Peer 1: 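Before anything else, here's the structure in question.
A note on names: the letters A, B, ... follow the listed sequences, proteins ahead of strands, and every chain is numbered from 1.
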Amino acid sequence: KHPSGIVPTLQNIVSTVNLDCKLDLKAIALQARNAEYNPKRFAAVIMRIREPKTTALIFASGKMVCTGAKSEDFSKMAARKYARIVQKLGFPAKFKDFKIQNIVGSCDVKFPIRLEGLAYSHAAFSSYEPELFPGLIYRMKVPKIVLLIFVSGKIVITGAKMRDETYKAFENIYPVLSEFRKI
DNA sequence: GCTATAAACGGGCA
DNA sequence: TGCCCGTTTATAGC
């Protein structure tokens with residue numbers, strides 16, 4: 001599955017779930033010692049839990065965004081704990097349309113990269129302006145994934161809805177990275 | 001921390 | 001409309 005012998009580590013998962021019931025955000029902010037609520041700044045109650053370590057953004061619509069988990073399973077579990085906390089605050093919340101929205105991964109190929117040469121040979125997919133950001137932004141089309149490539153050989157892979165896309169994008173880029181290994 | 005990346009969410013504003 | 005508003009996370013030069 002990983003011909004490269006390297007498996008990108010999952011670092012952050014963004015998911016959403018529909019609690020399916022309108023929410024009184026001021027009421028949640030009061031009853032919960034866990035919550036943070038600043039309406040003029042953002043229309044959401046910000047809640048956090050230690051295990052799995054995540055941050056939830058809860059809206060009046062009943063929609064909820066779960067961030068920070070290390071896996072899809074962890075992200076769903078976390079979203080479930082938030083749903084229960086809300087149910088317990090006195091809201092008839094369900095757990096409708098749970099959906100993984102973004103998976104962020106990273107790995108180390110353990111060799112330096114000639115970013116400029118790589119960008120020049122893949123102009124249609126590359127954005128490299130070292131004065132603004134030290135990483136080369138590689139917008140792959142298949143799968144539709146963005147990789148941030150650094151001189152150190154460290155790689156960030158983001159935009160995936162399924163972990164296999166994270167893996168395929170890395171496998172696709174591996175031989176390109178090797179071709180432009182800084183010697 | 002600022003710079004940049006992806007994604008979801010909502011209120012506010014030109 | 002189409003932005004930024006928020007939060008998360010790896011990464012690194014400023």
Peer 1: I want to know if C/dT9 and C/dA10 are stacked - that is, whether their six-membered base rings have centres under 5.5 Å apart and planes under 30 degrees.
Peer 2: yes
Peer 1: If we take the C1' atom in both C/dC5 and B/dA14, what is their distance in whole Å?
Peer 2: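 Comparing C1' positions in C/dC5 and B/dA14 gives a spacing of 15 Å.
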Peer 1: Quote, to the nearest angstrom, the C1' distance that separates C/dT1 from B/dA6.
Peer 2: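 C/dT1 and B/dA6 have their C1' atoms separated by 23 Å.
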Peer 1: With both distances under 3.5 angstrom, what nucleotide forms a Watson-Crick or G-U wobble pair with C/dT11?
Peer 2: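 Result: B/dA4.
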Peer 1: When we call it a touch if two heavy atoms are under 4.0 Å apart, what does A/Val146 touch: a base, just sugar-phosphate, or nothing?
Peer 2: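 Sugar-phosphate, no base atom in range.
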Peer 1: Could you tell me how far apart A/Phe42 (CZ) and B/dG10 (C1') are, to the nearest whole angstrom?
Peer 2: 6 Å
Peer 1: Looking at C/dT11, C/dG6, B/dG10, which one has an atom nearest to any side-chain atom of A/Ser61?
Peer 2: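 In terms of side-chain proximity for A/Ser61, the closest of C/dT11, C/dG6, B/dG10 is B/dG10.
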Peer 1: Whole-Å distance between B/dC9 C1' and A/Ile58 CD1?
Peer 2: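 So the two atoms are 12 Å apart, to the nearest Å.
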Peer 1: Does C/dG6 adopt a syn or an anti glycosidic conformation, taking syn as a chi angle within 90° of 0?
Peer 2: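 Syn, since the glycosidic angle lies within 90° of 0.
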Peer 1: Could you tell me how far apart A/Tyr82 (OH) and C/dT7 (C1') are, to the nearest whole angstrom?
Peer 2: 11 Å
Peer 1: Counting just side-chain N and O atoms, does A/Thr55 come under 4.0 Å of either OP1 or OP2 of C/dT8?
Peer 2: yes
Peer 1: Please say whether more than 12 non-hydrogen atoms of neighbouring residues, nucleotides or ligands are located less than 6.0 Å from CD in A/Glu116.
Peer 2: no
Peer 1: Expressed as a whole number of angstroms, how long is the span from A/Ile137:CD1 to C/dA12:P?
Peer 2: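 The distance from CD1 of A/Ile137 to P of C/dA12 comes to 13 Å, rounded to the nearest Å.
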Peer 1: To the nearest angstrom, how far is A/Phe150 atom CZ from C/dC14 atom P?
Peer 2: 14 Å
Peer 1: A/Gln11 has a side chain; which of B/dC9, C/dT9, C/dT8 sits nearest to it?
Peer 2: C/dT9
Peer 1: Does the sign of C1'-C2'-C3'-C4' make the C/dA10 sugar north or south?
Peer 2: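 Because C1'-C2'-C3'-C4' is positive here, the pucker of C/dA10 counts as north.
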Peer 1: Let's see if you can work this out: which of C/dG6, C/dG13, C/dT11 has an atom nearest to the side-chain heavy atoms of A/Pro134?
Peer 2: C/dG13
Peer 1: Choosing from B/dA6, C/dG6, C/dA12, which nucleotide comes nearest the side chain of A/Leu57?
Peer 2: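 The answer is C/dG6.
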Peer 1: Check every atom of C/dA10, B/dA7, C/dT11 against the side chain of A/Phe133 and return the nucleotide holding the closest atom.
Peer 2: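 Of C/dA10, B/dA7, C/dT11, C/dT11 is nearest to the side chain of A/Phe133.
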Peer 1: If we take the P atom in both B/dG10 and C/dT9, what is their distance in whole Å?
Peer 2: 22 Å
Peer 1: With the side chain of A/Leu132 defined as its heavy atoms from C-beta on, choose the nearest nucleotide among C/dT7, B/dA4, B/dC9.
Peer 2: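 Closest nucleotide among those given: B/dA4.
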Peer 1: Rounded to whole angstrom units, what separation is found between the CE atom of A/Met140 and the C1' atom of B/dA6?
Peer 2: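 My rounded result for the distance is 15 Å.
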Peer 1: As a test of reading the structure: which of C/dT9, C/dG6, C/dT7 is closest to the side chain of A/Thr67, going by heavy atoms?
Peer 2: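 Comparing C/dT9, C/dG6, C/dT7 against the side chain of A/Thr67, the answer is C/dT7.
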Peer 1: Partner of B/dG10 by Watson-Crick or G-U wobble geometry, both contacts under 3.5 Å, or none?
Peer 2: none
Peer 1: Looking only at the aromatic ring of each residue, does the gap between the centers of A/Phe150 and A/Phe133 stay below 6.0 angstrom?
Peer 2: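 Yes, they do, as the ring centres are separated by less than 6.0 Å.
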Peer 1: Using side chain to side chain donor-acceptor pair (under 3.5 Å) as the criterion, point out the one residue from A/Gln101, A/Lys99, A/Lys63 that pairs with A/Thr16.
Peer 2: A/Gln101
Peer 1: Are A/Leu115 and A/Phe111 grouped together when hydrophobic residues (ILVMFWY) are joined by side-chain heavy atoms under 4.5 angstrom apart?
Peer 2: yes
Peer 1: Quick one: is C/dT7 close enough that its OP1 or OP2 comes under 4.0 Å of any side-chain N or O from A/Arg41?
Peer 2: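 Indeed, a polar side-chain atom of A/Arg41 lies that close.
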Peer 1: Could you check which of B/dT5, C/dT11, B/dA7 has an atom nearest any side-chain atom of A/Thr158?
Peer 2: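 Nearest to the side chain of A/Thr158 among the choices is B/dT5.
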Peer 1: Within the 4.0 Å heavy-atom criterion, would you say A/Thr9 contacts the bases, only the backbone, or no part of the nucleic acid?
Peer 2: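 Nothing, no heavy atom under 4.0 Å.
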Peer 1: Expressed as a whole number of angstroms, how long is the span from A/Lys53:NZ to C/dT7:P?
Peer 2: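 A/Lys53 atom NZ is separated from C/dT7 atom P by 14 Å.
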Peer 1: Measure the distance from CE on A/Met64 to P on C/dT8 and round it to the nearest whole Å.
Peer 2: 14 Å
Peer 1: Which nucleotide, B/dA6, B/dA7, C/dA12, lies nearest any side-chain atom of A/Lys154?
Peer 2: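 Taking heavy atoms from C-beta onward, the closest nucleotide is C/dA12.
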Peer 1: Could you please name the option among C/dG6, B/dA6, B/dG10 that lies closest to any side-chain atom of A/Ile46?
Peer 2: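 Output: C/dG6.
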Peer 1: Regarding A/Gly68, tell me which of base, sugar-phosphate or nothing describes its non-hydrogen contacts under 4.0 Å with the strands shown.
Peer 2: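 Here A/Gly68 touches the backbone only, sparing every base.
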Peer 1: At their closest point, which heavy atom of A/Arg80 faces which heavy atom of A/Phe95, and how far apart are they?
Peer 2: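 Distance-wise, the nearest heavy atoms are N-CE1, 3.5 Å.
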Peer 1: Looking only at heavy atoms, what is the nearest atom pair of A/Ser121 and A/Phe180, with distance?
Peer 2: OG-CZ, 3.0 Å
Peer 1: Answer yes when A/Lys81 and A/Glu51 have at least one side-chain N-carboxylate O distance shorter than 4.0 Å, and no when they do not.
Peer 2: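 Not counted as a salt bridge, because no side-chain N and carboxylate O are separated by less than 4.0 Å.
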